[PDB]
Amino acid sequence: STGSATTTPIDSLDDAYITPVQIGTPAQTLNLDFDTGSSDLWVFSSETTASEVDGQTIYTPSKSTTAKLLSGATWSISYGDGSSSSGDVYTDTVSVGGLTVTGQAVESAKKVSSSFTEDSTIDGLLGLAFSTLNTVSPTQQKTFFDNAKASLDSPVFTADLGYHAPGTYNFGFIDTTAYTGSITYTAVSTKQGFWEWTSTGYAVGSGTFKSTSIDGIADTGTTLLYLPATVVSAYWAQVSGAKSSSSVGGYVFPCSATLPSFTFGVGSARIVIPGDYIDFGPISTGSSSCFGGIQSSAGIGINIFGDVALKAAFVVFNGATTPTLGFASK
């Protein structure tokens, strides 16, 4: 089997991407944030505290003839940005882009943190990291991909995120028309539960490539590119007037600037992030200070190849017995 679904930016900055997911019978379609940095499929629901729902579409398990309470199971998750959610668990039929999994754990939120409530466009998350990170207790549950894998034509999924435009998540096949050149594959460590890999270096604009190992995670659920402070300083030094602002929470730059590209290495291959992809717009409405899309990972404890980086590539998440990542230009 295969599946293919379009993923759509939630706003004009590409802060996140939403993908429609069919849950239950008859289907209830929710728009979920596909997150290769976590491993829970959780949704706003009829059980979510009413004051914490503000415009989201909810899953109502009592209206699904295939829903079953997973007795005794609870979940609770905290994300790298300080947000969180928790609740109980149903199993139900879940379909993405025509690919169907029966008995998928659907984690129904009883509580969500304010950042989720305040974002009416995201109805929940669909985790695509390794199932060892799933938070369901006392019986850990499998991700949608883990449940589907054995049925897929090939045990892979691909992320093709758009810049200020829709893109595609495919399951079970490589669309050879979706990228240019060849796909370069690179080793993955699953020891922390992530799609963790080592970039071979970077360049700023037309500058020379610096060969240096940068361990990080491929994380579709993180907006920005978080890299070591040395690398980030080297980038922003090429933007007149850019500076790190402790009060804003990162590097800012004059909105009048033209940003240089940023290149990262995948083996001997190179992925070029155009400068425009690094512009996240005014820090507040009407400001001439703009927020940068490359930020320091100091204090986060891991480097993160978030959407800023991934949207510049066609990315293969190869879930074979020994997982690997692939990157191609597009």
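Remarks
- When the range 171-196 is limited to residues that are crowded, with 19+ Cβ neighbours inside 10 Å and in contact with an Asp or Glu (Cβ under 7 Å, 6 or more places away or on another chain), the one that is nearest to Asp81 (Cα to Cα) turns out to be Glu196.
- Among the candidates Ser287, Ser189, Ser246, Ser296, residue that is more than 24 Å from the chain's Cα centre (by Cα) and closer than 26 Å to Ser78 by Cα: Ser246
- Meets criteria (on the phi < 0 side of the Ramachandran plot, over 17 Å from the mean Cα position of the chain (by Cα) and of a type outside the set (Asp, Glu)) for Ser51: yes
- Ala237 being of a type in the set (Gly, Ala, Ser), within 22 Å of the chain's Cα centre (by Cα) and not assigned by CATH to the domain that holds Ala159: no
- The set of residues in the range 142-165 that are among the aliphatic types (A, V, I, L, M) and either assigned by CATH to the domain that holds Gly221 or part of a strand (DSSP E or B) (or both) comprises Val156, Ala159.
- Candidates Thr74, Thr65, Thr117, filtered to the one that is under 28 Å from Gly249 (Cα atoms) and over 18 Å from the mean Cα position of the chain (by Cα): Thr117
- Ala312 passes every criterion in (1) touching a helix residue (DSSP H, G or I) at 6+ places or on another chain (Cβ under 9 Å); (2) assigned to a loop (DSSP other than H, G, I, E, B); (3) farther than 22 Å from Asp33 by Cα apart from (3).
Residues checked against (1) over 25 Å from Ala16 (Cβ atoms); (2) surrounded by 14 or more Cβ atoms within 10 Å (Cβ to Cβ); (3) touching a residue at least 60 places away in the same chain (Cβ under 8 Å); (4) among the polar types (S, T, N, Q):
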position: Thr198; (1), (2), (3), (4): yes, yes, no, yes
position: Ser211; (1), (2), (3), (4): yes, no, no, yes
position: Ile214; (1), (2), (3), (4): no, yes, yes, no
position: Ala234; (1), (2), (3), (4): yes, yes, no, no
position: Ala237; (1), (2), (3), (4): yes, no, no, no
position: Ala242; (1), (2), (3), (4): no, yes, no, no
position: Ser247; (1), (2), (3), (4): no, no, no, yes
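- You will find that of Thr132, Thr168, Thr139, the residue that is in contact (Cβ under 8 Å) with a residue 60 or more places away in the chain, surrounded by fewer than 19 Cβ atoms within 10 Å (Cβ to Cβ), in a strand (DSSP E or B) and assigned by CATH to the domain that holds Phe34 is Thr168 and no other.
- Residue within the range 41-48 that is out of contact with any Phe, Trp or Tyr (no Cβ under 8 Å at 6 or more places or on another chain), assigned by CATH to the domain that holds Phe157, without any contact (Cβ under 8 Å) to a residue 60 or more places away in the chain and surrounded by 21 or more Cβ atoms within 10 Å (Cβ to Cβ) present: no
- Flag for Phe173 being assigned to a loop (DSSP other than H, G, I, E, B) and touching a strand residue (DSSP E or B) at 6+ places or on another chain (Cβ under 6 Å): no
- Enumeration of residues in the range 104-125 that are in contact with a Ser or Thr (Cβ under 6 Å, 6 or more places away or on another chain), crowded, with 16+ Cβ neighbours inside 10 Å, closer than 23 Å to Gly24 by Cβ and not hydrophobic (A, V, I, L, M, F, W, C): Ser108, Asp123
- Selection count where residues are within 16 Å of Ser189 (Cα to Cα) and among the small types (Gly, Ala, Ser), scope the range 302-324: 2
- The residue that is surrounded by the most Cβ atoms within 10 Å (Cβ to Cβ), counting only those in the range 272-330 that are of a type in the set (S, T, N, Q) and more than 30 Å from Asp175 (Cβ to Cβ), is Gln295.
- Those strands (runs of 3 or more DSSP E) lying entirely in the range 1-64 with at least 2 residues more than 30 Å from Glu196 (Cα to Cα): 28-35
- For the range 77-94, the criterion of being buried (at least 20 other Cβ atoms within 10 Å of the Cβ), closer than 20 Å to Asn147 by Cα and within 20 Å of the chain's Cα centre (by Cα) is met by at least one residue.
- When the strands (runs of 3 or more DSSP E) confined to the range 184-303 are screened for residues that are small (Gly, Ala, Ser), those reaching at least 1 such residues are found at 184-187, 196-204, 210-218, 243-245, 250-254, 262-266, 269-273, 279-282, 289-292, 294-296.
- Residues in the range 259-295 that are hydroxyl-bearing (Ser, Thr, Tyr) and under 23 Å from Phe327 (Cα atoms): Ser261, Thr263, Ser268, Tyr277.
Counting neighbours? That spans all protein chains shown, and the Cβs are built from the backbone with ideal geometry, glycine included. Numbers and lists here come from the model and the stated rules, or from a named source; no laboratory read-out is quoted.
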